[PDB]
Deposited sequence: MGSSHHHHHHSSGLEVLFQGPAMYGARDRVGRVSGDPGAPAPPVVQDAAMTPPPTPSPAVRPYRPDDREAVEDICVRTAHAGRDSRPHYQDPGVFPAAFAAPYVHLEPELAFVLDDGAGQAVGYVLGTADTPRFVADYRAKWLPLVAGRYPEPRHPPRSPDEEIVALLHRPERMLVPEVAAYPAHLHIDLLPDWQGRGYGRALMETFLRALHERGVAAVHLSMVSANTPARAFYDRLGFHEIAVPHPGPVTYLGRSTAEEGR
């Protein structure tokens, strides 16, 4: 039994959210730094598998357990609308719409959760799809990030979407090299965030 990329299933939800938590702090574990790290998958993983599970893929460890993922959306403007209309009501009880400016790191992420319009960056308009990709530390440096990425790009291209972007923390230079090796170019660095993109054709 060997590790392999496969489509996400609903029984991968727990593992996907945990991978997200464990990589959300500029690639590193968010648990030491946040009171409720569940806000991360609530903003950056769960809505994708809720709304567009057909674009979610996992790295299976060979024993059935997801140990990495790639997920995303075919169309960012539609995703933002759907996120507000369909997703936010499902999490607003647990994470209420903010009434005052963020006081804590936790409240900063809740602010992002409640502003999916953050995704409407003018410079990425020509790259309609976007993604998040993460692997648990023990699974990095094994070629599996590439396997995930190529699977996701093929899925987008098959759906007729020609271009994709992503965001990354600018200071995270190892991530920058990872994306560079996967054929991404710099779109813009507006903020601690860099946007990268490429065409989805192989």
Report task. Could you sort out which parts of the deposited sequence are absent from the coordinates (no C-alpha) and give them as ranges from 1? Result -> 1 to 55, 246 to 247, 260 to 262
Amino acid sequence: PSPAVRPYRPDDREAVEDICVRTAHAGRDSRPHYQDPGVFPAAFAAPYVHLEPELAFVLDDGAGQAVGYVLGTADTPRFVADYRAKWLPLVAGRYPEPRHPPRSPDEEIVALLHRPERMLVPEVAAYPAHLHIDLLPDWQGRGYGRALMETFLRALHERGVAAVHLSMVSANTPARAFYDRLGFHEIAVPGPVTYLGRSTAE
From here on, numbers count along this sequence of modelled residues.
Report summary line: Looking only at C-alpha temperature factors in the entry, 44 to 52 or 27 to 35, the higher average sits in 27 to 35
Report summary line: Stretch with higher mean Cα temperature factor, 138 to 146 vs 159 to 167, is 138 to 146
**Report entry** From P116, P89, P96, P128, residue of greatest CA B-factor
**Finding:** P96
Report summary line: Scanning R78, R103, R84, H132 for peak Cα temperature factor in the entry gives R103
Query raised in the report: Hey, what third does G191 fall into on Cα B-factor, ranked over its chain?
Result: highest
Query raised in the report: Sorting the chain's CA B-factors, does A74 end up in the lowest, middle or highest third?
Result: lowest
Query raised in the report: Ranked by Cα temperature factor within the chain, is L120 in the lowest third, the middle third or the highest third?
Result: lowest
Requested in this report: Consider only the C-alpha atoms of the modelled residues in this chain, order them by B-factor as the entry records it, and name the third containing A63: lowest, middle or highest.
Outcome: highest
